[PDB]
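In what follows, a structure is listed as structure tokens, so that the remarks can point back to it.
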Amino acid sequence: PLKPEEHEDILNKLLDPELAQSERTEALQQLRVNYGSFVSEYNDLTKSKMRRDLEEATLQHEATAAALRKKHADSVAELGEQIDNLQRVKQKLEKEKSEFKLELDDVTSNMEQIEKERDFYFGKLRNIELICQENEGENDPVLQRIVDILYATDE
Amino acid sequence: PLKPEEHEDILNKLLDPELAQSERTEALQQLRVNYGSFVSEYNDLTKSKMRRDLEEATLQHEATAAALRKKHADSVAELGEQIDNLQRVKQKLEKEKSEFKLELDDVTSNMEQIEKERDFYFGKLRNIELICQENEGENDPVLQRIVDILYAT
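Protein sequences, first through last, are from chains A and B. Using our numbering, read the first sequence as starting at 148 and increasing by one per residue. Using our numbering, read the second sequence as starting at -16 and increasing by one per residue.
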């Protein structure tokens, strides 16, 4: 805003008639813009008019802040709910991961005992078969019964 | 004072330099008291504090929205990183769960066979057992060897 100082320098400038027509025209513009945008607004401005204006800015700012707050809050919640989900999911998977983890070797080293049981027996059979063939020339009908059991098949 | 354009009709009186300088000095004498009145009204304590008040209100509001936006873009980043981690851990547990699962599917089926083989063999042994009890009325030394094998530890 043109301080009373600066305005008066312009009015003494324009006083002199032999001032250039580029500086006279420039100096009255200065006074045109200056009056244009603010002087003119203070032609009406009542202490009440601009109290309401100031108050309305205030309302508008809080309304704007509040809407922003609303938005941010909804976003944070949604990120939070995804983390909760994933966590109900981390819980559950590492549960079954462990529930599978040795049910697997409950059943597995169950097995490697049922293996050497199989091998225990298989070896009894291999030795019986041996004996059988040491005495195969005898045509022993009982031995033949036994031999026929050994090589009998439905594995 | 001067309507927005009893002002403007005088910025053009002054424009023509051939105005007499006894009514160039009047048209400026009026512009000068106008401004006198204007500045003392612009300078009014209530109106000036209201001017400052409004200015400072917009500033603080801008400062505050900025702080709120930042607090928000930091949160979302931090929550972002937690969410991605929980997904890469999710995928890791998914792999681990099913690989344990697929191994017990292969190893479960793998021993219902081995069992079948065991029972097959035990059956044979039981068969051979029954024959040895039929013929221990004669007592072959060969049979005794077979019996000895049946009951070994």
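No residue lacks a Cβ here, since even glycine has one placed at the ideal position from N, Cα and C.
Chain-ordered chain B contacts of residue i [CB-CB under 7 Å]
i: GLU241(A); result: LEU76
i: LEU206(A); result: Chain B residues near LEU206(A): none, gap ~11 Å exceeds 7 Å.
i: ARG179(A); result: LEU(-6)
i: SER184(A); result: The premise fails here: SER184(A) is roughly 11 Å from chain B at the closest Cβ pair, so nothing lies under 7 Å.
Inter-residue spacing [alpha-carbon to alpha-carbon] between residue i and residue j
i: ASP88(B); j: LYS217(A); result: 52 Å
i: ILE296(A); j: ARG71(B); result: 59 Å
i: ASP191(A); j: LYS32(B); result: 17 Å
i: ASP67(B); j: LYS237(A); result: 13 Å
i: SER256(A); j: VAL130(B); result: 31 Å
i: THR8(B); j: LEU162(A); result: 7 Å
i: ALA50(B); j: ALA212(A); result: 11 Å
i: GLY227(A); j: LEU85(B); result: 34 Å
i: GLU45(B); j: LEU14(B); result: 39 Å
i: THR29(B); j: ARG198(A); result: 9 Å
i: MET94(B); j: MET258(A); result: 6 Å
i: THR300(A); j: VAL254(A); result: 28 Å
i: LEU69(B); j: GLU246(A); result: 21 Å
i: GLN229(A); j: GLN260(A); result: 47 Å
i: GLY19(B); j: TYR182(A); result: 13 Å
i: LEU206(A); j: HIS55(B); result: 23 Å
i: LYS(-4)(B); j: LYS160(A); result: 15 Å
i: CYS279(A); j: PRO288(A); result: 11 Å
i: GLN12(B); j: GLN176(A); result: 18 Å
Under 7 Å by beta carbon: chain A residues contacting residue i
i: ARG128(B); result: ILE278
i: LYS80(B); result: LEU240, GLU243, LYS244 and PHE247
i: residue 150(B); result: The requested residue 150(B) is not part of the displayed model; chain B covers only -16 to 136.
i: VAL72(B); result: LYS237
i: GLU24(B); result: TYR189
Nearest neighbour of residue i, chosen from the options [CA to CA]
i: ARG128(B); options: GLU302(A), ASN274(A) and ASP191(A); result: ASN274(A)
i: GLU302(A); options: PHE105(B), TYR134(B) and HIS55(B); result: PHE105(B)
i: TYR134(B); options: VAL180(A), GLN229(A) and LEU272(A); result: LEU272(A)
i: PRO148(A); options: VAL180(A), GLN229(A), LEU158(A) and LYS160(A); result: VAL180(A)
Interface partners of residue i on chain B, CB under 8 Å
i: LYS160(A); result: Neighbours of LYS160(A) on chain B: none; closest Cβ ~10 Å, over 8 Å.
i: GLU302(A); result: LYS99, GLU100 and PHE103
i: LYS194(A); result: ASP27, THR29, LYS30 and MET33
Exposure of residue i, with buried meaning 16 or more beta-carbon neighbours within 10 Å
i: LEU277(A); result: exposed
i: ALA174(A); result: buried
i: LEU290(A); result: buried
i: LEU(-6)(B); result: buried
Residues that residue i contacts on chain B, provided the C-beta gap is smaller than 9 Å
i: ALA212(A); result: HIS44, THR47, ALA48 and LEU51
i: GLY284(A); result: Near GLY284(A) there are no residues of chain B at all, since even the closest Cβ is about 12 Å away, more than 9 Å.
Contacts that residue i makes with chain A (C-beta to C-beta distance below 9 Å)
i: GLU86(B); result: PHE247, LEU251 and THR255
The region 55 to 74 of chain B in contact with the region 174 to 187 of chain A per 3-pair CB rule at 8 Å: no
For the 8 Å Cβ check, are there 3 or more pairs between the region 277 to 289 of chain A and the region -15 to -8 of chain B? no
Taking 8 Å as the cut-off, does the region 201 to 219 of chain A touch the region -3 to 8 of chain B (at least 3 CB pairs, one atom from each stretch)? no
At a cut of 8 Å, does the region 93 to 111 of chain B reach the region 228 to 243 of chain A through at least three beta carbon pairs? no
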